[PDB]
Amino acid sequence: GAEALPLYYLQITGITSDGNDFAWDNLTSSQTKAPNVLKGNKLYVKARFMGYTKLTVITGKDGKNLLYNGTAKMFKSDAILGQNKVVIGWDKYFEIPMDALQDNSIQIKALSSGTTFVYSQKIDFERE
């Protein structure tokens, strides 16, 4: 246990949709709102998880884990390096429906350690 430290940083980091030319729009370092109105319904986050997790949660409107509900899945998992080939984290991609969300924003939360659940920010957006 050295480079499998718990999740120490969670942030939405990039966002796009299928309708937005896959324009990943590098989010400001503490952004609270969208770059633009994301066209479409296939919402694509590219969120930075610095530290080990496989316990992602997204509560949706209904108040249940959407990634165990039906629509949202992780479907792509690259790697990231902290220069010295150190595995600082992996960019866990997700396929969220905009439609199933509680409000016009996206948010992720994940298990850091014990029962700490890092909440990402909220990123409010427009629907076409």
# chains A, B, ... in the order shown; residues from 1 in each chain; ligands from 1
call {"tool": "select_by_dssp", "arguments": {"residues": "segment 3-123 of chain A", "states": "helix (DSSP H, G or I)", "output": "PyMOL selection string"}}
result
chain A and resi 18-20+66-68
call {"tool": "residues_around", "arguments": {"residues": "residue 54 of chain A", "least_positions_apart": "6", "cutoff": "10 Å", "atoms": "only C-alpha atoms", "output": "PyMOL selection string"}}
result
chain A and resi 7+92+110-112
call {"tool": "closest_residue", "arguments": {"among": "A:86, A:80, A:108, A:98", "to": "residue 39 of chain A", "atoms": "only C-alpha atoms"}}
result
A:98
call {"tool": "residues_around", "arguments": {"residues": "segment 61-78 of chain A", "least_positions_apart": "4", "cutoff": "8 Å", "atoms": "only C-alpha atoms", "output": "number ranges by chain"}}
result
A: 56-57, 90-97, 100-103
call {"tool": "residues_around", "arguments": {"residues": "segment 16-29 of chain A", "least_positions_apart": "5", "cutoff": "9 Å", "atoms": "only C-alpha atoms", "output": "ChimeraX atom specification"}}
result
/A:11,34-46,128
call {"tool": "atom_distance", "arguments": {"atom1": "atom CA of residue 10 of chain A", "atom2": "atom CA of residue 81 of chain A"}}
result
16.0 Å
call {"tool": "closest_residue", "arguments": {"among": "A:88, A:58, A:48, A:2", "to": "residue 117 of chain A", "atoms": "only C-alpha atoms"}}
result
A:58
call {"tool": "atom_distance", "arguments": {"atom1": "atom CA of residue 89 of chain A", "atom2": "atom CA of residue 12 of chain A"}}
result
13.8 Å
call {"tool": "atom_distance", "arguments": {"atom1": "atom CA of residue 87 of chain A", "atom2": "atom CA of residue 3 of chain A"}}
result
6.4 Å
call {"tool": "select_by_dssp", "arguments": {"residues": "segment 27-92 of chain A", "states": "strand (DSSP E or B)", "output": "list in words"}}
result
residues 33, 42, 43, 44, 45, 46, 47, 48, 49, 50, 52, 56, 57, 77, 80, 89, 90, 91 and 92 of chain A
call {"tool": "closest_residue", "arguments": {"among": "A:99, A:47, A:15, A:106", "to": "residue 123 of chain A", "atoms": "only C-alpha atoms"}}
result
A:106
call {"tool": "closest_residue", "arguments": {"among": "A:53, A:31, A:59, A:13", "to": "residue 113 of chain A", "atoms": "only C-alpha atoms"}}
result
A:53
